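# Working through the structure, step by step
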Amino acid sequence: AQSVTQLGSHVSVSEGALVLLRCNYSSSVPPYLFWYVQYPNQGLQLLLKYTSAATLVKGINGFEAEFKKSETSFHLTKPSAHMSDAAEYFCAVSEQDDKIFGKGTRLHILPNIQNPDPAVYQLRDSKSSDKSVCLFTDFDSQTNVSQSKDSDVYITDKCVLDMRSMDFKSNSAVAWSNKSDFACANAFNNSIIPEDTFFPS
Amino acid sequence: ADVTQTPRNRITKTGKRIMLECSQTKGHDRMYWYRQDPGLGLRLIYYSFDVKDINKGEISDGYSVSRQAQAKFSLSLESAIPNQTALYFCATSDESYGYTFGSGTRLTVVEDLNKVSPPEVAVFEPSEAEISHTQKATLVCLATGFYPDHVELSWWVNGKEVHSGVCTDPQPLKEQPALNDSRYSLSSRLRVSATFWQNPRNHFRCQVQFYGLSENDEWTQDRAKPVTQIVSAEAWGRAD
C-alpha cells in the first residue's frame, strides 16, 4: 500500500438510518484491509477485514464492507444507526509486506426526537453559597450550540444521554460563570435556539 | 499475546527519560509501537521482527527502542517534551497481519509540575421547573480547576457505577484559553425519573479520578500536594 484515506474527522448519521463510513486506498496490488472501532476510553477492536477471500466481508453486529478494486474502496456499512454505534472508526491497510492506519472518523448519531421540548433551566449547587449552572435541554438535532462570546462564560458542546429506564434520549448543553450579571436567560444568546424554548420563572 | 504494556497512565516532567514496556506470551517475531493523537490516527514509531532487527516508522524522532527478548519490546522517550503527550499502543502480529494490540498507555508530559492541580467537584441539583414540566430530573456535575487534562468521571447511585442516563463532555475545556498551562473544566449530566430523584432515600455521587503527582515527587508549595486521587460531590433526593 501507498496509503489509506478516510475523509471527515467527524460525521453524522440519523438514528435508525444506514451507516456508511467511506475508506479508499492506494495500492496497485490489492492489499489486505481492516476496519477497527474504538469506543471511548478503550482500546482498538477489529470489526472485519478483507484478506483476499470473500469480497463481501461480514463482521460483528451487522457490520459489512465490500472490497471494490475498481473504485479502490472498502466502505463500512451497517443497516441502522443505534446510539451505541457512537465511536471512532479506523480503516487500515497492509504495507511493505510487514505492517498502516487511516486518520479515523468519529461517528455521531443524531437521536430521533419525536416530541422536542426545548428549555433552559437553572440548577443549584448541592451546597454552595450560592453557585449555579444553566442547562439547555430537550431540543431536536436541528439545534446546535455555539461557543460563548463572553470569556467568563463557559458553554459545553451538546451531549446526548440515552436513558435506558424509559427508552428515552435527549440532548443538552451546560453553561456557567462566576460573573455577577450572568443570567440563564442570557446564557445561550450566541446560539440559535428554537423559537418555542421554555424559559421558566 | 496476552500483550501487556506498562505503565497504564503516567505524568512526567519535560526532560526526563521515560520507559514504556510491551510484553507478549505468544512469541510472535513481529512487535510494534504506535502513538495515537486526535485527527492523526495511529502512527508507527518503531518496529521489530526479531531480537536483531529494529526499523523506523514514520515518527521515530525523539524516541528509541530495544528488543531485549522475543517477548519484550521497550520504547523510550530520551528526553520527554510536551508534544510527546499521547496514547501509546504496542502490538504484535503473526505472519498474516493478525494484530494483537496492548490496552494502551496514556502519557502526559508537562513542563512545570508546580501547575498540577486536582479538580474541585460540585453537584447541581435538578430544577423544580424541569421536574414540573417533564417529570424528569437532570443532575449536573462540574469538575473545575484541574491540570493536566488527565481525568475519569463516573456516576454512582447506590454505591454501584451507572452508565444509563449519563452524558459526559468528550473533552474538557480550558478555563483560560489564552494560556499554554490553562486549567481545565469538565461537565456531566445524569438524568433520572422525577420519581427516582424524589425519593429522599436515594444518594447520588459524581466521582472524578484525577491523575497527578506520585509520592516520589518533590513538593515545595503550601497548598496540598496534587497527587493522583479521587474527588467526589454528592446529593440526596428531596421529597421536595
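- Method-wise, the PDB entry is recorded as coming from X-ray crystallography, at a reported resolution of 1.73 Å.

- As annotated in the PDB entry, chain B carries the name Human T-Cell Receptor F11 beta Chain and is attributed to Homo sapiens.

- By the naming in the PDB entry, chain A goes by Human T-Cell Receptor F11 alpha Chain and is assigned to Homo sapiens.

### As for the overall build of chain B
- Across its full length, chain B carries two helices and 20 strands.
- Considered along the principal axes of its C-alpha atoms, chain B spans approximately 70 × 45 × 30 Å.
- Per-residue burial for chain B yields a buried fraction of 52% across its 240 residues.
- A fraction of 61% describes how many contacts in chain B between residues 6 or more apart in sequence connect residues 24 or more apart.
- When the accessible surface of chain B is totalled, it reaches about 11,300 Å², and 45% of it is carbon and sulfur.

### Brief notes about the state of the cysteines
All names here are of chain A.
- If you walk through the whole model with that rule in mind, you get five disulfides over all chains.
- Between the sulfur atoms of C23 and its disulfide partner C91 the distance amounts to 2.1 Å. Between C23 and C91, the S-S dihedral sits near 75 degrees, and the bridge is therefore right-handed. Within this pair, whereas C23 is found in the loop between strand 3 (19-21) and strand 4 (24-26), its partner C91 is found in strand 10 (residues 87-93), the two being separated by 68 residues in sequence.

### Regarding the domain arrangement of chain A
All names here are of chain A.
- Once the domains are mapped, chain A shows domain 1 (1-111) and domain 2 (112-199).
- Contact residues are listed per partner, giving four residues for domain 1 and seven residues for domain 2.
- Between domain 1 and domain 2, the buried area comes to about 540 Å², and carbon and sulfur atoms account for 60% of it.
- Interface area lost by domain 1 to domain 2 is led by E15, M83 and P111, which between them contribute 85%.
- A salt bridge links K169 to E15, with the shortest nitrogen-to-oxygen separation between them at 3.0 Å.
- At the junction of domain 1 and domain 2, the tally comes to three residue pairs in polar contact.

### Quick word on the sheet that holds strand 11 (residues 105-110) of chain A
All names here are of chain A.
- Strand order across the open sheet formed by five strands is 2-11-10-5-6, with mixed pairing between neighbours. A strand with exactly one partner marks an edge of an open sheet, and here the two such strands are strand 2 (10-14) and strand 6 (45-50). If you compare each strand with its neighbour and ignore which way they point, the axes differ by 25 degrees on average.
- Where strand 2 meets strand 11, five bridges bridge the pair, whose relative direction is parallel. When the sheet's bridge partners are listed, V13 is paired in strand 11 with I109.

Analysis parameters
Residues numbered from 1 in each chain as written, not as in the entry; some residues may be left out. Chains lettered and ligands numbered in written order. Heavy atoms only, no water. Helix = DSSP H or I, 4+ residues; strand = E, 2+ residues; numbered from the N terminus. Buried < 20%, exposed > 50% of the residue type's maximum accessible area, 1.4 Å probe, protein only. Contact = heavy atoms within 4.5 Å. Areas by Shrake-Rupley, 256 points an atom, 1.4 Å probe, with all protein chains shown as cover. Disulfide = S-S within 2.5 Å. Domains from an automatic or database assignment. Buried area = accessible area lost by both parts, 1.4 Å probe. Salt bridge = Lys/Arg side-chain N within 4 Å of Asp/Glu carboxyl O. Polar contact = N/O pair within 3.5 Å; in protein donor to acceptor, adjacent residues only side chain to side chain. Pairing = 2+ DSSP bridges. Axes fitted to C-alpha atoms, helices over the stretch in contact; angles between N-to-C directions.

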